[PDB]
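Read through the structure below, which is laid out as structure tokens, and then see the notes.
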Amino acid sequence: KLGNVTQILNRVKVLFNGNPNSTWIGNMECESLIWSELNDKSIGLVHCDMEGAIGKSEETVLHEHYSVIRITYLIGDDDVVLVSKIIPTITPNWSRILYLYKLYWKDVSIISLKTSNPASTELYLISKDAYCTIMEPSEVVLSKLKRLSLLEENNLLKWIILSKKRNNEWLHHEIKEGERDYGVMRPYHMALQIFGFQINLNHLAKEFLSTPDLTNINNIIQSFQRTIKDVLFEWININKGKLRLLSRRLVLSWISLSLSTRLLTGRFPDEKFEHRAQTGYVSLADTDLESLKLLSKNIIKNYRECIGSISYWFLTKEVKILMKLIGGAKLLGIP
Amino acid sequence: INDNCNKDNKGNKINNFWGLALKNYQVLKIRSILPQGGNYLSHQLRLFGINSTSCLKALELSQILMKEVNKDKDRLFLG
């Protein structure tokens, strides 16, 4: 996008010898390779953004965090800064990771970002000062770890809840202010555009909604008309797979119309659509077809009345895409 | 001119960090010491990423990294 102004493509070095098992933090091969290639250079920052999988147990998470600490000890010189991400859980045996980080570092800070999800317990740890002197196998360390005192745990819970609440309030205020403003994006969006990133609204529409353009209201209208005619024709023509596919196609067409008309006119056709999307599902009813002018015909409405309303529930991976599309429509279209 | 504009925004955004400045309630220290996962309102601000949209969090951590990270050394990224 920038045209290699800063030569960023010439300053990324990949640590990989061809063996897949040398890329995973838990394995010893990864540590051996990293130490082999980075023992003779100076590393000031170690940034570890975990995959954050939910399948892994607490023991594996502790092992991976300890391995990251070992790597930082091995290759990091003095005044090295370690940045890591943690996902605390409701299960009470969760503060052992905090105890470990306190044990191996002297200046540990914990941050809850306002740009992160305010409905999830995602925190960032920053560590600066090395404290320990002896590094030993993982088993004895993981057996050594314990919980923390209850008073500090309750203080941490209260602080986490307060920070999450204030972050959510800031998020709501920022969304409202962005939707109100005429034609100027927020300063962080301007910075991201300057740095070389691209707006993803068109891409998300293209490989999500299969709509090449959202600005062209007309072609989207005729697309929905043919889609509804064909889906009703097939529905009376009668399976489970066909019903699911046809319902999904109709949902995508309806979402395309909603996003396009929000971008062009400034208001969603259905007021409850945004709240339902926040819940994670979308519904199209007889009333929605009856609402707007000349989208369909009376026979189409009567045919739809034999089914009433359809309600499709998405996976979180698609709920995120819906959220991004709605945000782009609200923050890039007219007020 | 693109590099100049990048440096210009870098220079101007020091008093305010693109409106993402941290408050006192966000930073805590261990020594000086319920949300539900079904909501994704935060993703309505993730509008500048095709493969990964998590380039907005780095812009916020950039303040602390400016403060505490040496700028004359190399960097390692894991995961």
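Residue numbers begin at 1 in each chain, while the letters A, B, ... track the order of the sequences.
- When heavy atoms are compared at a cutoff of 4.5 Å, B:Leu20 approaches chain A by way of both its backbone and its side chain.
- Interface remark: B:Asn9 contributes side-chain atoms only to the contact with chain A (heavy atom separation under 4.5 Å).
- Only the side chain of B:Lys13 has a heavy atom closer than 4.5 Å to any heavy atom of chain A.
- Under 4.0 Å is where a charged nitrogen must lie from a carboxylate oxygen, and between B:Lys73 and A:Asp77 at least one such pair does.
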Applying side-chain contact (heavy atoms from CB on, under 4.5 Å) to A:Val5 and B:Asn6, what does each step give before you reach the verdict?
CA-CA 11 Å; A:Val5 176; B:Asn6 170 319; over 6 Å; no

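- Using a 4.5 Å heavy-atom cutoff, the side chains of B:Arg75 and A:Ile43 are not in contact.
- In this structure, A:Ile194 and B:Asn2 approach most closely via the heavy-atom pair O-OD1, 4.2 Å.
- For the pair A:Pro118 and B:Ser42, the minimum side-chain heavy-atom distance is below 4.5 Å.
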Would you please test A:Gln198 and B:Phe48 for side-chain contact (heavy atoms from CB on, under 4.5 Å) and show each step?
CA-CA 5 Å; A:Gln198 298 170 17; B:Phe48 276 82; over 6 Å; no

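- Using a cutoff of 4.0 Å between basic side-chain nitrogens and carboxylate oxygens, B:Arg31 and A:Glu152 are not scored as salt-bridged.
- When heavy atoms are compared at a cutoff of 4.5 Å, B:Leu34 approaches chain A by way of both its backbone and its side chain.
- At a cut-off of 3.5 Å, with distance as the only test, no side-chain donor of A:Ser163 or B:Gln26 sits close to an acceptor on the other residue.
- Neither the backbone nor the side chain of B:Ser32 has a heavy atom closer than 4.5 Å to any heavy atom of chain A.
- Note: A:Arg186 CZ to B:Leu56 CG = 13.0 Å, rounded to the nearest 0.5 Å.
- Remark: side-chain polar atoms of A:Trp159 are not paired, donor with acceptor, to backbone N or O of B:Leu28 under 3.5 angstrom.
- Not a single donor-acceptor pair under 3.5 Å links the side chain of B:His43 to the backbone N or O of A:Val319.
- In this structure, the side chains of A:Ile110 and B:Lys29 stay at 4.5 Å or more apart for every pair of heavy atoms.
- Heavy atoms of B:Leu22 lying under 4.5 Å from chain A belong to its backbone as well as its side chain.
- Taking 4.5 Å as the limit, every side-chain heavy atom of B:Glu60 sits out of range of all side-chain heavy atoms of A:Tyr188.
- A:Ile34 is listed as a side-chain neighbour of B:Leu78, based on a closest heavy-atom distance under 4.5 Å.
- Inter-residue side-chain proximity for B:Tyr40 and A:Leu322 is flagged as unmet; no heavy-atom pair is nearer than 4.5 Å.
- Neither the backbone nor the side chain of B:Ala58 comes within contact range of chain A, judged by heavy atoms closer than 4.5 Å.
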